[PDB]
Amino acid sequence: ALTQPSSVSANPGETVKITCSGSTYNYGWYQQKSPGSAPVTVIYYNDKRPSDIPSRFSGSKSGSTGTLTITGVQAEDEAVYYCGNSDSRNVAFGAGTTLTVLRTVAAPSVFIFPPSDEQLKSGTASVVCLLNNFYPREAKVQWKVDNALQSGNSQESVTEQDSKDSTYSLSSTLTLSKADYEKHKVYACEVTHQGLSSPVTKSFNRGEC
């Protein structure tokens, strides 16, 4: 197998090293900022760098190990890197090493959205919560209906880390039946994050405004 760390962390400005082992042949390094989003070759053929990749990216190979080196790591380099190479006459990739570049903590601004009339006439009800431009990626959204803690009825998703400011945005969706929605009055979205001193609760009373 091709083996690389699961994760590596760094503070902006530091030199980063990710190692991949299992092959005595040519290593490739592929950066992917989002699953499904196409990888970007940072280094190929051990130490070859495409012209459009920043000079901080360098490659090296010693024995049966290849090493990716980022000198003066930038916030934008936070991405999962995959090594590529042959593994005993088999074309292969490592499991990925998710790198995190610790830019300054940014707290999320929270917004809450009530279900539209159009959705309510259809029969279902979805309350959305939006967390905007925060760092780090890790956050907790807790839904409360009439102050009652909701569970197993919500799903969240994060956007790709912004190319320019290196922040994230999370969207949590609370799904209830139209009947359940009309039973209760106050709908709340509680956000726990590193940037915040205490969970920010954004709420609304059904039918208001």
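Note that residue numbering follows the sequence shown and begins at 1.
Of the two segments, 144-152 and 37-45, the one listed with the higher mean B-factor is 144-152 (C-alpha atoms only). Of the two stretches examined, 180-188 and 27-35, the record assigns the greater average C-alpha temperature factor to 180-188. Within the listed group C83, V80, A106, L120, the record reports its top CA B-factor for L120. Looking at the C-alpha B-factors along this chain, the one for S166 belongs to the middle third. When the CA B factors of the chain's modelled residues are split into thirds, the value for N133 lands in the lowest one. Split the chain's modelled residues into thirds by C-alpha temperature factor. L99 is in the lowest one. Sort the modelled residues of the chain by CA B factor and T159 lands in the lowest third. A125: CA B factor lies in the highest third for its chain, per the PDB record.
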